[PDB]
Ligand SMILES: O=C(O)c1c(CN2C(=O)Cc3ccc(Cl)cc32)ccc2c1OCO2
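Heads up, the chain below is alone and in the form solved without the named molecule; it's given as structure tokens.
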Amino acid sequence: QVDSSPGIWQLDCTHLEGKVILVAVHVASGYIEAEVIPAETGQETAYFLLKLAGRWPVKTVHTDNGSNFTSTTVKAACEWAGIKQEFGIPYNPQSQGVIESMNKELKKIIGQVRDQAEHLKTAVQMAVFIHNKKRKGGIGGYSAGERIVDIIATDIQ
């Protein structure tokens, strides 16, 4: 029911200190990318999608019906880059549940490191690093950053 194909991503906006955090999760691996955007608008979300599309083979982006995600400028970026958009209810279990859990875990890590940085965006990037490098499943287990690169490499191969 939850699409874990190598090209599937879940995106959503979370909030802290009156600021907007655009977060993306590569569903199958748990790898995340986050950015603090000045406004919760299509222009900022489309620029974020353009950057994400340049690194990974993004085939599908699952979002809620938020005005920034359903905007013309996001549709133009997804269409230009060759990405499919799927809209669902905010926090729905099939297409928004993986990003819901990642946002909750991301906020927990930001709260731990917040003291270490002056700006929120810095603490957000420190928390993204900590999340993507954390090792899951036993001592010799792999991290999200290692899982994404392996999932995509074995998908190509």
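Sequential numbering from 1, following the sequence displayed.
Judged by mean Cα B factor in the deposited record, 141-149 ranks above the other of 8-16 and 141-149.
When the two stretches 112-120 and 90-98 are set side by side, the higher mean Cα temperature factor goes to 112-120.
FYI, the form deposited with the named molecule bound isn't displayed, but the following is about it.
When the named molecule is superposed onto this form from its pose in the deposited bound form, 3 or more of its atoms lie within 2.4 Å of a backbone or C-beta atom, and the site is blocked.
With a 4.5 Å cutoff on heavy atoms, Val61 does not count as touching the named molecule in the deposited bound form; it lies far away. Contacts of stretch 89-118 with the named molecule in the deposited bound form, defined by any heavy atom lying within 4.5 Å, are made by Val98, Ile99, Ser101, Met102, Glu105, listed in sequence order.
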